[PDB]
$ cat model.txt   # compact mmCIF, N, CA and C atoms
# COMPACT_ATOMS: atom_id res chain seq x y z
N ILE N 28 136.35 148.65 27.87
CA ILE N 28 135.70 149.04 29.14
C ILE N 28 136.51 148.51 30.32
N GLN N 29 137.25 149.40 30.99
CA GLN N 29 138.07 149.05 32.14
C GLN N 29 137.88 150.10 33.25
N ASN N 30 136.63 150.31 33.65
CA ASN N 30 136.29 151.26 34.70
C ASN N 30 136.53 150.64 36.08
N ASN N 31 137.76 150.17 36.31
CA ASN N 31 138.13 149.52 37.56
C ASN N 31 138.40 150.56 38.64
N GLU N 32 137.45 150.72 39.57
CA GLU N 32 137.57 151.67 40.66
C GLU N 32 138.48 151.15 41.77
N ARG N 33 139.39 150.23 41.43
CA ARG N 33 140.31 149.65 42.40
C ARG N 33 141.60 150.45 42.46
N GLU N 34 142.20 150.66 41.29
CA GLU N 34 143.47 151.36 41.20
C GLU N 34 143.30 152.87 41.25
N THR N 35 142.07 153.35 41.41
CA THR N 35 141.85 154.78 41.58
C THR N 35 141.86 155.13 43.07
N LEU N 36 141.95 154.11 43.93
CA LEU N 36 142.16 154.29 45.35
C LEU N 36 143.57 153.87 45.74
N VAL N 37 144.43 153.71 44.74
CA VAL N 37 145.84 153.45 44.94
C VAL N 37 146.63 154.58 44.32
N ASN N 38 146.30 154.90 43.06
CA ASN N 38 146.93 155.99 42.35
C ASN N 38 146.38 157.34 42.81
N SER N 39 145.52 157.33 43.83
CA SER N 39 145.07 158.56 44.48
C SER N 39 145.33 158.55 45.98
N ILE N 40 146.11 157.57 46.47
CA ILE N 40 146.61 157.61 47.84
C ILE N 40 148.14 157.62 47.82
N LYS N 41 148.74 157.18 46.70
CA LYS N 41 150.17 157.36 46.49
C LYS N 41 150.44 158.67 45.76
N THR N 42 149.37 159.43 45.50
CA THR N 42 149.45 160.74 44.86
C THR N 42 148.65 161.77 45.65
N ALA N 43 148.49 161.50 46.95
CA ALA N 43 147.94 162.45 47.90
C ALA N 43 148.85 162.57 49.12
N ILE N 44 150.07 162.05 48.98
CA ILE N 44 151.16 162.24 49.93
C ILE N 44 152.38 162.78 49.19
N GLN N 45 152.33 162.74 47.86
CA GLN N 45 153.39 163.28 47.03
C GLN N 45 153.10 164.73 46.65
N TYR N 46 151.84 165.15 46.79
CA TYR N 46 151.53 166.55 46.58
C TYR N 46 151.65 167.32 47.89
N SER N 47 151.79 166.60 49.01
CA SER N 47 151.89 167.24 50.31
C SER N 47 153.34 167.36 50.76
N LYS N 48 154.26 166.59 50.17
CA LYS N 48 155.67 166.73 50.50
C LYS N 48 156.28 167.94 49.81
N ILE N 49 155.43 168.75 49.18
CA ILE N 49 155.82 170.05 48.65
C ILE N 49 155.10 171.18 49.38
N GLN N 50 153.99 170.89 50.06
CA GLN N 50 153.30 171.86 50.90
C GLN N 50 153.94 171.98 52.28
N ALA N 51 154.98 171.19 52.53
CA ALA N 51 155.82 171.34 53.71
C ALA N 51 157.12 172.08 53.37
N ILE N 52 157.84 171.59 52.35
CA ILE N 52 159.15 172.13 52.01
C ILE N 52 159.02 173.54 51.44
N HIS N 53 157.79 173.97 51.13
CA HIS N 53 157.54 175.29 50.59
C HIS N 53 156.98 176.24 51.65
N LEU N 54 156.87 175.80 52.91
CA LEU N 54 156.46 176.67 54.00
C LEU N 54 157.47 176.63 55.14
N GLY N 55 158.56 175.87 54.98
CA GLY N 55 159.64 175.83 55.96
C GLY N 55 159.19 175.19 57.28
N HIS N 56 158.07 174.47 57.27
CA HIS N 56 157.52 173.84 58.47
C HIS N 56 156.64 172.66 58.07
N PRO N 57 156.49 171.66 58.94
CA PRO N 57 155.73 170.46 58.66
C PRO N 57 154.23 170.73 58.58
N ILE N 58 153.51 169.79 57.97
CA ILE N 58 152.06 169.84 57.79
C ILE N 58 151.45 168.52 58.24
N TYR N 59 150.13 168.51 58.43
CA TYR N 59 149.45 167.37 59.01
C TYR N 59 148.41 166.78 58.06
N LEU N 60 148.75 165.63 57.46
CA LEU N 60 147.82 164.92 56.59
C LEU N 60 146.92 164.06 57.47
N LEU N 61 145.67 164.50 57.66
CA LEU N 61 144.70 163.82 58.50
C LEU N 61 143.66 163.12 57.64
N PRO N 62 142.97 162.10 58.17
CA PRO N 62 141.82 161.51 57.50
C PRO N 62 140.64 162.48 57.54
N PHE N 63 139.76 162.41 56.55
CA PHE N 63 138.58 163.27 56.48
C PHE N 63 137.59 162.87 57.57
N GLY N 64 137.51 163.68 58.63
CA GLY N 64 136.70 163.37 59.80
C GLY N 64 137.47 162.39 60.68
N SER N 65 138.54 162.88 61.31
CA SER N 65 139.48 162.07 62.07
C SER N 65 138.94 161.64 63.44
N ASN N 66 137.77 161.00 63.46
CA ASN N 66 137.25 160.39 64.67
C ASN N 66 136.63 159.02 64.38
N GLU N 67 137.03 158.37 63.28
CA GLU N 67 136.56 157.03 62.94
C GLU N 67 137.65 156.21 62.25
N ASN N 68 137.86 156.47 60.96
CA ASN N 68 138.82 155.74 60.13
C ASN N 68 139.16 156.55 58.88
N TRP N 69 140.27 156.22 58.21
CA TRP N 69 140.69 156.89 56.98
C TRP N 69 139.81 156.49 55.79
N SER N 70 138.56 156.07 56.02
CA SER N 70 137.75 155.48 54.96
C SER N 70 136.68 156.44 54.44
N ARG N 71 136.91 157.75 54.58
CA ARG N 71 136.05 158.77 53.99
C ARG N 71 136.88 159.88 53.35
N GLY N 72 138.12 159.56 52.95
CA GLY N 72 139.01 160.52 52.32
C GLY N 72 140.11 160.99 53.27
N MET N 73 140.98 161.87 52.76
CA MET N 73 142.08 162.47 53.50
C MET N 73 142.16 163.97 53.21
N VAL N 74 142.66 164.73 54.19
CA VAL N 74 142.74 166.18 54.13
C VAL N 74 144.09 166.68 54.61
N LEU N 75 144.79 167.38 53.71
CA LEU N 75 146.07 168.01 54.00
C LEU N 75 145.80 169.32 54.72
N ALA N 76 146.21 169.43 55.99
CA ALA N 76 145.98 170.62 56.79
C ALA N 76 147.26 171.14 57.43
N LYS N 77 147.50 172.45 57.34
CA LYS N 77 148.66 173.10 57.94
C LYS N 77 148.24 173.98 59.11
N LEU N 78 149.11 174.08 60.12
CA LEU N 78 148.88 174.95 61.26
C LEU N 78 149.57 176.29 61.03
N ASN N 79 148.82 177.38 61.18
CA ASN N 79 149.33 178.72 60.97
C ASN N 79 149.86 179.26 62.29
N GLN N 80 151.19 179.29 62.44
CA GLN N 80 151.83 179.64 63.70
C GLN N 80 151.73 181.13 64.05
N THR N 81 150.72 181.84 63.52
CA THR N 81 150.48 183.23 63.92
C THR N 81 149.00 183.51 64.15
N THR N 82 148.14 182.50 63.98
CA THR N 82 146.71 182.61 64.29
C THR N 82 146.16 181.28 64.80
N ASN N 83 147.03 180.44 65.37
CA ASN N 83 146.74 179.12 65.91
C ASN N 83 145.47 178.47 65.35
N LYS N 84 145.39 178.33 64.02
CA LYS N 84 144.25 177.70 63.37
C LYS N 84 144.69 176.74 62.27
N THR N 85 144.03 175.58 62.21
CA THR N 85 144.31 174.53 61.24
C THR N 85 143.69 174.88 59.89
N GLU N 86 144.52 175.30 58.93
CA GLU N 86 144.08 175.69 57.60
C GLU N 86 144.05 174.49 56.65
N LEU N 87 142.88 174.22 56.06
CA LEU N 87 142.67 173.10 55.16
C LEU N 87 143.21 173.46 53.77
N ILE N 88 144.14 172.67 53.23
CA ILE N 88 144.76 172.98 51.95
C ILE N 88 144.10 172.19 50.81
N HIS N 89 143.96 170.87 50.98
CA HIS N 89 143.41 169.97 49.97
C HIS N 89 142.53 168.88 50.60
N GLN N 90 141.51 168.44 49.85
CA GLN N 90 140.56 167.44 50.31
C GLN N 90 140.34 166.34 49.26
N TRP N 91 140.85 165.14 49.51
CA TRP N 91 140.59 163.98 48.67
C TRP N 91 139.49 163.14 49.30
N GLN N 92 138.27 163.21 48.77
CA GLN N 92 137.13 162.47 49.29
C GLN N 92 136.76 161.32 48.35
N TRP N 93 136.83 160.09 48.85
CA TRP N 93 136.54 158.90 48.07
C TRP N 93 135.05 158.81 47.72
N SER N 94 134.70 159.12 46.47
CA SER N 94 133.32 159.04 46.00
C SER N 94 132.92 157.61 45.65
N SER N 95 133.58 156.62 46.25
CA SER N 95 133.26 155.21 46.09
C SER N 95 133.35 154.54 47.46
N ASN N 96 132.20 154.26 48.07
CA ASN N 96 132.15 153.68 49.40
C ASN N 96 132.25 152.15 49.35
N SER N 97 133.31 151.63 48.72
CA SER N 97 133.55 150.19 48.66
C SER N 97 135.01 149.85 48.93
N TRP N 98 135.74 150.73 49.63
CA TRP N 98 137.12 150.46 50.01
C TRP N 98 137.36 150.87 51.45
N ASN N 99 137.41 149.90 52.36
CA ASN N 99 137.73 150.16 53.75
C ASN N 99 139.22 150.44 53.88
N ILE N 100 139.58 151.72 54.03
CA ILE N 100 140.96 152.14 54.15
C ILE N 100 141.46 151.87 55.57
N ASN N 101 142.28 150.83 55.75
CA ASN N 101 142.77 150.47 57.07
C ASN N 101 144.28 150.70 57.16
N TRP N 102 144.67 151.78 57.85
CA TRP N 102 146.05 152.22 58.00
C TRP N 102 146.82 151.38 59.02
N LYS N 103 147.68 150.48 58.53
CA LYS N 103 148.61 149.70 59.36
C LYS N 103 149.84 150.54 59.71
N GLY N 104 149.64 151.71 60.32
CA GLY N 104 150.74 152.53 60.79
C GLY N 104 151.24 152.03 62.13
N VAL N 105 152.53 152.24 62.42
CA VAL N 105 153.11 151.83 63.70
C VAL N 105 152.95 152.94 64.74
N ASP N 106 151.94 153.79 64.54
CA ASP N 106 151.63 154.95 65.37
C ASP N 106 150.13 155.00 65.64
N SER N 107 149.72 154.97 66.91
CA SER N 107 148.30 155.07 67.27
C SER N 107 147.81 156.52 67.15
N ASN N 108 148.30 157.23 66.13
CA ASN N 108 147.99 158.62 65.85
C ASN N 108 147.73 158.77 64.35
N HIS N 109 146.46 158.91 63.96
CA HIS N 109 146.08 159.05 62.56
C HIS N 109 146.40 160.45 62.02
N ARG N 110 147.67 160.86 62.14
CA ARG N 110 148.17 162.13 61.64
C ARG N 110 149.54 161.92 61.02
N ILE N 111 149.62 161.91 59.69
CA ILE N 111 150.89 161.72 59.00
C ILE N 111 151.62 163.06 58.95
N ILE N 112 152.64 163.21 59.79
CA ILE N 112 153.43 164.43 59.87
C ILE N 112 154.42 164.47 58.71
N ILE N 113 154.13 165.30 57.70
CA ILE N 113 155.01 165.46 56.55
C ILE N 113 156.10 166.48 56.89
N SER N 114 157.31 166.00 57.16
CA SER N 114 158.45 166.87 57.44
C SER N 114 158.81 167.68 56.21
N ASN N 115 159.15 168.96 56.40
CA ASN N 115 159.44 169.88 55.31
C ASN N 115 160.84 169.67 54.72
N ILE N 116 161.30 168.41 54.67
CA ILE N 116 162.59 168.05 54.08
C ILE N 116 162.47 166.70 53.38
N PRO N 117 163.16 166.53 52.25
CA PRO N 117 163.02 165.38 51.37
C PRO N 117 163.63 164.09 51.92
N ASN N 118 164.33 164.13 53.06
CA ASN N 118 165.00 162.95 53.60
C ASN N 118 164.63 162.68 55.06
N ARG N 119 163.45 163.14 55.51
CA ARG N 119 162.97 162.85 56.85
C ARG N 119 161.44 162.82 56.88
N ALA N 120 160.80 162.30 55.83
CA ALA N 120 159.36 162.42 55.67
C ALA N 120 158.72 161.10 55.26
N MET N 121 158.93 160.04 56.05
CA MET N 121 158.32 158.74 55.78
C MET N 121 157.75 158.13 57.06
N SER N 122 156.43 158.18 57.18
CA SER N 122 155.69 157.59 58.29
C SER N 122 155.48 156.10 58.00
N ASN N 123 156.23 155.24 58.70
CA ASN N 123 156.16 153.80 58.52
C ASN N 123 154.74 153.28 58.70
N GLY N 124 154.08 152.95 57.59
CA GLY N 124 152.73 152.42 57.59
C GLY N 124 152.26 152.16 56.16
N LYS N 125 151.21 151.34 56.02
CA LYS N 125 150.65 150.97 54.73
C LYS N 125 149.12 150.91 54.79
N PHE N 126 148.44 151.49 53.81
CA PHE N 126 146.98 151.46 53.73
C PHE N 126 146.51 150.14 53.13
N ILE N 127 145.84 149.30 53.93
CA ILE N 127 145.22 148.08 53.45
C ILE N 127 143.79 148.39 53.03
N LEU N 128 143.54 148.46 51.72
CA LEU N 128 142.20 148.65 51.18
C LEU N 128 141.49 147.31 51.10
N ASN N 129 140.25 147.24 51.58
CA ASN N 129 139.47 146.01 51.59
C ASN N 129 138.04 146.24 51.11
N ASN N 130 137.65 145.57 50.03
CA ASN N 130 136.28 145.61 49.53
C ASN N 130 135.52 144.40 50.08
N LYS N 131 134.66 144.63 51.08
CA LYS N 131 134.03 143.56 51.84
C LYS N 131 132.74 143.00 51.22
N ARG N 132 132.56 143.13 49.91
CA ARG N 132 131.46 142.48 49.20
C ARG N 132 131.92 141.83 47.90
N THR N 133 133.22 141.90 47.65
CA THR N 133 133.90 141.24 46.54
C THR N 133 135.33 140.96 46.96
N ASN N 134 135.45 140.25 48.09
CA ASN N 134 136.67 140.01 48.86
C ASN N 134 137.95 140.27 48.07
N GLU N 135 138.35 141.54 48.03
CA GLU N 135 139.58 142.01 47.42
C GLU N 135 140.36 142.87 48.42
N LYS N 136 141.68 142.71 48.44
CA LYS N 136 142.55 143.41 49.38
C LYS N 136 143.76 143.99 48.65
N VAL N 137 143.95 145.30 48.77
CA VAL N 137 144.98 146.03 48.05
C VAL N 137 145.91 146.77 49.01
N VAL N 138 147.14 146.27 49.16
CA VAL N 138 148.12 146.83 50.08
C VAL N 138 148.91 147.97 49.43
N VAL N 139 148.60 149.21 49.80
CA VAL N 139 149.34 150.37 49.31
C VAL N 139 150.63 150.54 50.12
N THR N 140 151.75 150.16 49.51
CA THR N 140 153.08 150.30 50.11
C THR N 140 153.64 151.69 49.83
N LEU N 141 153.89 152.46 50.89
CA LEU N 141 154.49 153.78 50.78
C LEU N 141 156.01 153.64 50.60
N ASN N 142 156.43 152.89 49.58
CA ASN N 142 157.85 152.68 49.29
C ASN N 142 158.43 153.87 48.52
N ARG N 143 158.28 155.07 49.08
CA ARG N 143 158.75 156.31 48.47
C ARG N 143 160.23 156.53 48.79
N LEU N 144 161.07 155.55 48.44
CA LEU N 144 162.50 155.60 48.70
C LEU N 144 163.27 155.14 47.47
N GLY N 145 163.85 156.10 46.74
CA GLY N 145 164.59 155.82 45.52
C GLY N 145 166.03 155.36 45.78
N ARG N 146 166.48 155.38 47.04
CA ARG N 146 167.82 154.96 47.40
C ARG N 146 167.96 153.45 47.26
N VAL N 147 168.62 153.00 46.20
CA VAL N 147 168.85 151.59 45.94
C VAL N 147 169.78 150.98 46.98
N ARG N 148 169.47 149.77 47.44
CA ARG N 148 170.24 149.03 48.43
C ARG N 148 171.51 148.43 47.81
N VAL N 149 172.34 149.28 47.19
CA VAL N 149 173.58 148.85 46.56
C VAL N 149 174.59 148.39 47.61
N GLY N 150 174.77 147.07 47.71
CA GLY N 150 175.71 146.47 48.65
C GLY N 150 175.72 144.95 48.54
N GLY N 151 176.55 144.30 49.35
CA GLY N 151 176.67 142.85 49.35
C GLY N 151 177.43 142.34 48.12
N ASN N 152 177.43 141.02 47.93
CA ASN N 152 178.10 140.38 46.81
C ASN N 152 177.39 140.70 45.50

$ encode --input "model.txt" --output "structure tokens"
Amino acid sequence: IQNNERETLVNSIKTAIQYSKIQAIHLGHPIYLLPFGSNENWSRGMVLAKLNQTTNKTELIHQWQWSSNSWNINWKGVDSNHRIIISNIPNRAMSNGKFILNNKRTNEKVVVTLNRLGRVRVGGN
């Protein structure tokens, strides 16, 4: 019995930006990964939404809604804009920030590092 609902808010936030870096490169234009209900906090899920440049409307593609209300998703982004712009190219699509998950009734803190960079720092001695 290992029903740990901790790593299901990590393996579903590092796998809800990797499914969207293909919904950009496959439309030749960037997309907007917003929090679910973007007028409070990223703590009610995330929604991948694209803008249709011929009917000026935000089309919802995917919805990840956290069915466990015990993880305060706090985005330490260096941007006061809760909109992760996924560039439609594999080498210009990293929004510097990390989701700090905090369970405030069993003091646990889980830092989701978006270290989506396979380029090894080969250098030095």

$ atom_distance --input "model.txt" --atom1 "atom C of residue 37 (chain N)" --atom2 "atom C of residue 58 (chain N)"
20.3 Å

$ closest_residue --input "model.txt" --among "N:31, N:140, N:70, N:82" --to "residue 98 (chain N)" --atoms "only C-alpha atoms"
N:70

$ select_by_dssp --input "model.txt" --residues "region 34-151 of chain N" --states "strand (DSSP E)" --output "PyMOL selection string"
chain N and resi 58-62+73-79+84-91+99-102+111-113+125-130+135-140

$ atom_distance --input "model.txt" --atom1 "CA of residue 105 (chain N)" --atom2 "CA of residue 122 (chain N)"
8.3 Å

$ closest_residue --input "model.txt" --among "N:103, N:71, N:77, N:143" --to "residue 124 (chain N)" --atoms "all atoms listed in the file"
N:103

$ atom_distance --input "model.txt" --atom1 "atom C of residue 109 (chain N)" --atom2 "atom C of residue 131 (chain N)"
24.7 Å

$ closest_residue --input "model.txt" --among "N:134, N:47, N:107, N:39" --to "residue 92 (chain N)" --atoms "only C-alpha atoms"
N:39

$ residues_around --input "model.txt" --residues "residue 113 (chain N)" --least-positions-apart "2" --cutoff "6.5 Å" --atoms "all atoms listed in the file" --output "mmCIF file with N, CA and C atoms, keeping the file's coordinate frame"
data_model
loop_
_atom_site.group_PDB
_atom_site.id
_atom_site.type_symbol
_atom_site.label_atom_id
_atom_site.label_comp_id
_atom_site.auth_asym_id
_atom_site.auth_seq_id
_atom_site.Cartn_x
_atom_site.Cartn_y
_atom_site.Cartn_z
ATOM 1 N N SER N 47 151.790 166.600 49.010
ATOM 2 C CA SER N 47 151.890 167.240 50.310
ATOM 3 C C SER N 47 153.340 167.360 50.760
ATOM 4 N N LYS N 48 154.260 166.590 50.170
ATOM 5 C CA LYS N 48 155.670 166.730 50.500
ATOM 6 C C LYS N 48 156.280 167.940 49.810
ATOM 7 N N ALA N 51 154.980 171.190 52.530
ATOM 8 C CA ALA N 51 155.820 171.340 53.710
ATOM 9 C C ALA N 51 157.120 172.080 53.370
ATOM 10 N N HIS N 56 158.070 174.470 57.270
ATOM 11 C CA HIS N 56 157.520 173.840 58.470
ATOM 12 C C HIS N 56 156.640 172.660 58.070
ATOM 13 N N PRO N 57 156.490 171.660 58.940
ATOM 14 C CA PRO N 57 155.730 170.460 58.660
ATOM 15 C C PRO N 57 154.230 170.730 58.580
ATOM 16 N N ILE N 58 153.510 169.790 57.970
ATOM 17 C CA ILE N 58 152.060 169.840 57.790
ATOM 18 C C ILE N 58 151.450 168.520 58.240
ATOM 19 N N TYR N 59 150.130 168.510 58.430
ATOM 20 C CA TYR N 59 149.450 167.370 59.010
ATOM 21 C C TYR N 59 148.410 166.780 58.060
ATOM 22 N N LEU N 60 148.750 165.630 57.460
ATOM 23 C CA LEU N 60 147.820 164.920 56.590
ATOM 24 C C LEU N 60 146.920 164.060 57.470
ATOM 25 N N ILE N 111 149.620 161.910 59.690
ATOM 26 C CA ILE N 111 150.890 161.720 59.000
ATOM 27 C C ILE N 111 151.620 163.060 58.950
ATOM 28 N N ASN N 115 159.150 168.960 56.400
ATOM 29 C CA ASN N 115 159.440 169.880 55.310
ATOM 30 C C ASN N 115 160.840 169.670 54.720
ATOM 31 N N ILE N 116 161.300 168.410 54.670
ATOM 32 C CA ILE N 116 162.590 168.050 54.080
ATOM 33 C C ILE N 116 162.470 166.700 53.380
ATOM 34 N N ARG N 119 163.450 163.140 55.510
ATOM 35 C CA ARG N 119 162.970 162.850 56.850
ATOM 36 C C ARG N 119 161.440 162.820 56.880
ATOM 37 N N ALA N 120 160.800 162.300 55.830
ATOM 38 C CA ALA N 120 159.360 162.420 55.670
ATOM 39 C C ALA N 120 158.720 161.100 55.260
#

$ closest_residue --input "model.txt" --among "N:38, N:50, N:94, N:123" --to "residue 72 (chain N)" --atoms "all atoms listed in the file"
N:94

$ closest_residue --input "model.txt" --among "N:108, N:45, N:101, N:30" --to "residue 125 (chain N)" --atoms "only N, CA and C atoms"
N:101

$ residues_around --input "model.txt" --residues "residue 36 (chain N)" --least-positions-apart "2" --cutoff "9 Å" --atoms "only C-alpha atoms" --output "list in words"
residues 32, 33, 34, 38, 39, 40, 41, 93, 95, 98 and 128 of chain N
